[PDB]
Structure formats: structure tokens, C-alpha cells
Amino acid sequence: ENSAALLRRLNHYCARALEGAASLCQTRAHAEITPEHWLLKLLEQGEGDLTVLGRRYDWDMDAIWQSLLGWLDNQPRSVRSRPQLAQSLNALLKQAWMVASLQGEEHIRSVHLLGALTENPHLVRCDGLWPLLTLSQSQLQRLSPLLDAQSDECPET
């Protein structure tokens, strides 16, 4: 794969969202970090690629956000320790890296996770994520100039 090597390939935005997802799992306890735990924090955070795509395609960001929170509520609780990465998140991490690397990128942004999730809609279980799965990666590839113009996932200068 491998798990630790994939994480260092994440950009600042996605890494912060996963850290915040890990913090939440630790408090909710919450055995593993699922893509939904991460997607929740990605939306929660900013005007990231998902927020920009959400706007230009008009997604009920409230419903998605609400749907995610409701799913995370039906997540088995055990002991408030420190969490593992779910098989679904581990697989998403590998597919998103495959999407990012092929595009000549150095880091994985939320649109690469969306590109991975688009050809792998089974990695997510939460029903309210269907607007995220309406896009194709040929489409998301074309939308790159728009994403650099409005998203916090912005490289520098």
C-alpha cells in the first residue's frame, strides 16, 4: 500500500481533516476512522474542493452534513482509546493516491478522494453521500481551473 506512506502524500487540508476525524473517534470511541468520519471533517473545515464542487453543482451541503452525523451516531462504541484506519479508508487512501499521482500531483486533495469514491461508491456506506457520487473523474479533471480559483486546497502563489 502502505498506510503511513499514503498519509504523508496528503495535503495540509486533508491531513488536518483526518487528524480532526481521529480526535473525534478518540472522544466518541469509535474503533476505526471511516471515510465518513473524514468526509465530515473535510466539509466541516472549509471551502475545500468538495465545498467548491458542492456550490457550482448545488448540493444540499446541510443534508449531506446532517446525513453523515446521523450515520456516525450508529457507529459502534467501545473504549475511548486511539484509532485504527478502516479497510474502506485504507483502500480510499490507495485509490486517491492512484488518482493524484496519475494527474502529476505531489499531494492528495479532496477532489482526488472524490475521484476515487466515484469509481468506488462501495467505500462509503452513508446514503446521503449520493450527490458526491453523481460526478465522474473525467468531469472533475476538467473542473481543476475552477477549484484553484475558489478552494482552500489552494497551492500557494
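All residue numbers are counted from 1 along the displayed sequence.
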If you average the Cα B factors in the entry, which is higher, 84-92 or 66-74? 66-74
Assert higher mean C-alpha B factor (57-65 or 26-34, deposited values) equals 57-65
Which third of the chain does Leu6 land in by C-alpha B-factor: lowest, middle or highest? lowest
Using the temperature factors of the C-alpha atoms in this entry, rank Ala15 within its chain: lowest, middle or highest third. lowest
